[PDB]
Each structure stands twice: as C-alpha cells, then as structure tokens.
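Protein chains in written order, with the deposited numbering: chain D7, 52 to 101; chain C1, 1 to 50.
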C-alpha cells in the first residue's frame with residue numbers, strides 16, 4: 052500500500068498484475084522469502100536489497 | 001540490526017627503506033696543448049728544395 056501510494060507521488064504506476072497468484076518479497080534471484088518467519092530468523096540486516 | 005565486527009591487531013604494512021646517495025663529479029676539459037705546426041711545414045719544404 053505505501054509503495055503504491057509513494058509510486059503515485061513519483062508519478063509511476065502502482066504494482067499490478069493479472070492471473071491467479073499472490074504478491075510477496077523476493078531476492079535478486081527471484082527466490083521468495085518465508086512467509087511465517089521473522090526477518091531476524093532469516094539472514095536479513097540493515098542495507099539489504101529486496 | 002547490524003552484524004558484529006571486532007577490530008584485530010593491525011597487519012604489518014610494507015617497510016620503507018631510505019637511501020643516501022652522493023653524486024659523481026663531472027669531467028674536466030683537457031687544457032689546450034699545442035703543436036708547433038709551422039716548424040714541420042718549413043722542414044718538408046727544405047728537404048724538398050734540396
């Protein structure tokens with residue numbers, strides 16, 4: 052929601068897609084993160100990119 | 001959240017070695033020794049005139 056809101060202020064179209072599926076966070080190789088575990092459990096730290 | 005980092009004893013930097021150098025002294029121009037050219041010139045004439 053905040054990313055879509057911020058995108059409109061930048062004048063960019065919000066994130067949108069069609070078809071069966073879902074929205075989630077992924078790594079640079081496309082691998083999605085675990086949906087039920089803490090970012091402290093995963094190997095995430097300040098300055099990482101997603 | 002950040003990853004921990006402990007600074008160890010610094011590794012040895014490459015040692016600088018000074019050098020004292022004394023320059024060579026330039027050569028000296030050979031002083032002007034001179035041949036009595038006219039004397040030998042009269043000689044070949046006298047022996048020739050004979």
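Built from N, CA and C at the ideal position, the CB exists for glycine as well.
- Rounded to whole angstroms, residue 24 (chain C1) and residue 50 (chain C1) show a C-alpha spacing of 58 Å.
- For residue 99 (chain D7), no chain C1 residue has a Cβ inside 8 Å of its Cβ, as the nearest lies near 11 Å away.
- Shown here for residue 55 (chain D7): same chain residues with a beta carbon closer than 7 Å to its own, the five before and five after excluded, namely 65, 66 in chain order.
- Per DSSP, the unbroken alpha helix (DSSP H) holding residue 60 (chain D7) starts and ends at 53-61.
- Judged by beta-carbon spacing, residue 96 (chain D7) lies within the 8 Å limit of residue 3 (chain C1), meaning their Cβ atoms are closer than that value.
- When rounded, the separation of the alpha-carbon atoms in residue 86 (chain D7) and residue 68 (chain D7) is 20 Å.
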